[PDB]
Each structure stands twice: as structure tokens, then as C-alpha cells.
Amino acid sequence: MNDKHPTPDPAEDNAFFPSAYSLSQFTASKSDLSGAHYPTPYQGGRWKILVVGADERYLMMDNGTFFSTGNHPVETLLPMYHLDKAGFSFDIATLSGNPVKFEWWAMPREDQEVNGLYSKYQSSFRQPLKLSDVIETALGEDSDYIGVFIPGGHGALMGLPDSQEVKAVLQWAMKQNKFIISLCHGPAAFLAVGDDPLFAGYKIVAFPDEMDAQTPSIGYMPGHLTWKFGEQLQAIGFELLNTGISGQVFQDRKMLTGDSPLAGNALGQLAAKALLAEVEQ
């Protein structure tokens, strides 16, 4: 209950879920989903959003242990919920084609709506598209994709940050003036552009590095991140606006971002309003 020791994961050797204690403070049986009401949604049947998810669950800490993480279910499904009520479909992909990995210990087991939306897309989450395929066939200048969504969760720190494919997707999004939606640790994917001065000047909100440096103190993670995504993003032009977290979000042109596992709902509202305004015109 009050136990702060990391909790061992039976599936992997030397891997741990967050501590029972960190779990009682950072996870809840229900989400704060609300406002997903769009009286006049898009009904074109065309525009859909491409979801790029984490495909690995075990993240290596600075002490040799594995953090049992992945994408955050609340951060992932709340935004998808709003966009769904808005009238948008989703295509789900990972770098390897392997199943999308969620931090189930963060899933609100009592949220009917959140579990409802998930049931609807489980087949896609569990049998995703291989990103390389989406790139070779579903992008270009006349894509049915109106935006790209990269959910948070430390699982977003593996693969995506230095992937040549994610880079093509981002470059496409920026070149075809498409919406890029992310929150928490999701912006780490942006580092994929490597040395491209593509995002120079952009303003985003993202989980604060200083907080990652503190969470292990209560056994949230079995150790510390081997690097800090926040400084890297900054290194390539991004202006991180938030010093702390509050579930806030920001829009810089078509770049929409949330600051933490508290920003899901707000992001879903923002993306919804921004996209509905894009298409209703």
C-alpha cells in the first residue's frame, strides 16, 4: 500500500512496474474525460489520424534495471476519444509492426467510456501497421491523413527518438502542413529529425526533466533515465514552456502538445476544435 519499492514484473528478469505507493498517487480507477461533445462532427469518411505508438515496454535505467513502461493509456485514449466523437478514424502503427505496449498499471479499470473506446480499437493496437508501410503507401501529397498523434509514456523514449522513419513522417507533416499531436514524453519523437532545423522556434509543453530526476525517489521507476529528452529538444530549437505540470496544453501553428499524464483530456479538446475548424471550411 504505502510500499515505495519498485514492483517486480513476472514477464521480465530484473524489470519493475511502478511502486504500489507511486501507483496510489499517480494512477486512478477513473479518468477525467469530459467535454467530448461535438454537435456537428465531420462526416466526410475520409480524414483520419495516424497514431504512432511505442512498441517496447522495457526501458533500461542507469542502474541496469528495466522500467516496465510503454505508452500511457490515459494520455493515449483520452485524445483519441475526443477526435472520435469529432468524426475521425485512426490507423495505428509502430516502428517494428509489433503490438503497441501500454502501461496497464495506469489504465483506469473503472472508466466505462475509456474502456469502451479501447475495445473498439484493440484489434488495431494489438496488430498495428508497420510504419515503413504507412510511409511507402499512405503519405505523399494526397494523403487521407490529416494529422499524426504520438502519445506519451516513457515507452516513447525508445526507438522513435532516433528513427529515420518517424523523421520522414514529421518532415511530411511539416511539408504538407499537417497537425502534429503529442504530450508528456511523446515530444521525444521529435528528436528524430536529428540535425534538421525543422522545428526551430516552436513552442511546446512536455514532461519536465527535473521531475523525471525525482520520481525514482518514491519507487515510481527502478532507477534513472540514461539521458534527458527535455534538453535535447531544446538543443534543436524547441522552447519548452512549462517548468512544472498542470495538464496544460499549447498550440503553436499546427503543433499541439500536452505537458503530462494530466493533459490528455485538454489535448483531445484542442485537437478536436483545431481539426474541426480545419475541415469545416
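Position 1 is the first residue in the sequence shown; the rest follow in order.
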{"query": "Residue range whose averaged C-alpha B-factor is higher in the record, 83-91 or 192-200", "finding": "192-200"}
{"query": "Between the two ranges 111-119 and 136-144, the one averaging a larger CA B factor in the entry", "finding": "136-144"}
{"query": "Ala266 CA temperature factor, ranked by third within the chain", "finding": "lowest"}
{"query": "Chain-wide C-alpha B factor ranking for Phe229, given as lowest, middle or highest third", "finding": "middle"}
{"query": "Ranked C-alpha temperature factor of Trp172 among modelled chain residues, by third", "finding": "highest"}
{"query": "Third of the chain, ranked by Cα B-factor, where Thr40 sits", "finding": "highest"}
{"query": "Third assignment of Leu160 from its chain's C-alpha B-factors", "finding": "middle"}
